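Geometric and topological summary
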Amino acid sequence: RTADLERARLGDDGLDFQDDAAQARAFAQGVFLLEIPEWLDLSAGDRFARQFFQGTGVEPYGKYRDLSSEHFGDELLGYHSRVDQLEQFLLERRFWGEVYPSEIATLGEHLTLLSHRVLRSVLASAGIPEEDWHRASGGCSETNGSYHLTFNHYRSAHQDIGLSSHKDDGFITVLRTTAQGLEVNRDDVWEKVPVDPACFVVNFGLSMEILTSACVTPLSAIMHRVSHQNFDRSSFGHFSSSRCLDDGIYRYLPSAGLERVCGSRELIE
Ligand SMILES: O=C(O)CCC(=O)C(=O)O
Ligand SMILES: [Fe+2]
């Protein structure tokens, strides 16, 4: 009912789990906890997630409610009401400096570099040659990927599930949640992700699963969901996926290199 997750920290040689066994369990479960660097201020992000949906009467972030999909050439960005309790504000990195408040873009840039370090520690453990990392990761092994900083609010007045079962797109998700609600289908039972506001929740997406399907330890994009909320809940996440402006989505074939599977666009769909 409550999942037991391995905990890691970012140190000098990438991810430091307690030992090599723990790291292998974590990567194999597809979800683990990552301690939040003590210098990293998350308070502006927390407030944005509590406010973005409220409209221009609420300062300083309520006005972002009015930036809907039409203000962007990209269908998927801005404020969106979902079918579940969730509503969201989503923005890819190319737009952070112009659109987000400056302190929110800063948070996004910190998360991007933190996510980059986590991703490289994961690629090394998969036995992929370093010179293939950039193309395998669609740029995320450097700072060339696509990055979404996404803010979530669950409308407890809506009778739906919070957010229905899904696997993330992309390579790596760093999730900041401070309230009960997240659930993962680790083995075959649904389990609650325990609350720990001093850690992020890290999991992988479909592009990571595709990439590593033929490795020694294939990595899985874990199915997860948010249960029906009786009171409001908010959260936010940093999502890394392939740059899509490159082209392809790849699978690594040991001893041979990268095989193109599909495109950036058709995978999101
Ligand atoms: O709000 C959460 O805790 C989960 C959000 C999530 O899984 C997503 O945005 O894809
Ligand atoms: Fe998700």
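Residues numbered from 1 in each chain as written, not as in the entry; some residues may be left out. Chains lettered and ligands numbered in written order. Heavy atoms only, no water.

What the entry reports as its method is X-ray crystallography, with 2.2000308002 Å given for the resolution.

Observations regarding the pattern of salt bridges
Under the counting rule described, the total for this entry stands at 14 salt bridges. In this structure, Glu-109 engages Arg-93 in a salt bridge whose closest nitrogen and oxygen atoms are separated by 3.1 Å. Here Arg-93 lies in the loop between β5 (86-92) and α3 (96-99) and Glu-109 lies in helix α4 (residues 102-125), a separation of 16 residues in the sequence. We classify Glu-109 as partly exposed; its relative accessible area is 32%. Each member of the salt-bridge network shares a partner with another, and the members are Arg-7, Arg-9, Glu-35 and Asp-196. (Salt bridge = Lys/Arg side-chain N within 4 Å of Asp/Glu carboxyl O. Helix = DSSP H or I, 4+ residues; strand = E, 2+ residues; numbered from the N terminus. Buried < 20%, exposed > 50% of the residue type's maximum accessible area, 1.4 Å probe, protein only.)

Things to note about α4
Taking 1.5 Å of rise per residue, the 24 residues of α4 would be expected to cover 34 Å, and the 35 Å separating its terminal C-alpha atoms lies within 8% of that figure. Directly after α4, the chain includes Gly-127, whose backbone phi takes a positive value near 70 degrees. (Expected span 1.5 Å × (residues − 1).)

Here's the deal with the coordination of the iron ion (ligand 2)
Around the iron ion (ligand 2), the protein contributes the donor atoms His-166 (NE2), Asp-168 (OD) and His-224 (NE2), at 2.2 to 2.3 Å from the metal centre. All donors to the iron ion (ligand 2) come from one chain, and their sequence spacing reads H-x1-D-x55-H. Within this pair, whereas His-166 is found in strand β7 (residues 163-166), its partner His-224 is found in strand β12 (residues 224-226), the two being separated by 58 residues in sequence. Here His-166 falls in the partly exposed class, since its relative accessible area comes to 24%. (Donors = N, O, S within 2.8 Å, 3.2 Å for Na, K, Ca; no water.)

A look at the nonpolar core
Membership of the largest hydrophobic core comes to 59 residues, with the highest contact counts inside it found for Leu-15, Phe-32 and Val-118. Of the residues forming this core, the biggest block, nine residues, is contributed by α4. The next biggest cluster of nonpolar side chains, apart from the first, holds 11 residues, and it includes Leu-33, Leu-175, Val-184 and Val-193. (Core = buried A, V, L, I, M, F, W, Y, C linked by side-chain atoms within 4.5 Å.)

What about the site of ligand 1?
Around ligand 1, the structure places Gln-88, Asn-152, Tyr-154, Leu-163, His-166, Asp-168, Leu-175, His-224, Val-226, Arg-233, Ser-235 and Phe-239. For ligand 1, an oxygen atom lies 3.4 Å from a polar atom in the side chain of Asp-168. Side-chain polar atom of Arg-233 to an oxygen atom of ligand 1: 2.8 Å apart, as the coordinates give it. About the coverage of ligand 1: the protein hides 93% of its 300 Å² of free accessible area. Here ligand 1 occupies the largest pocket. Residue contributions to the shell around ligand 1 peak at three residues, all from strand β13 (residues 233-241). (Near = heavy atom within 4 Å. Polar contact = N/O pair within 3.5 Å; in protein donor to acceptor, adjacent residues only side chain to side chain. Areas by Shrake-Rupley, 256 points an atom, 1.4 Å probe, with all protein chains shown as cover. 1 Å grid on protein atoms, 1.4 Å probe; cavity = no way out; pocket = protein on both sides within 12 Å on 5 of 7 lines; lining within 4 Å. Sits in = over half its atoms within 2 Å of the grid points.)

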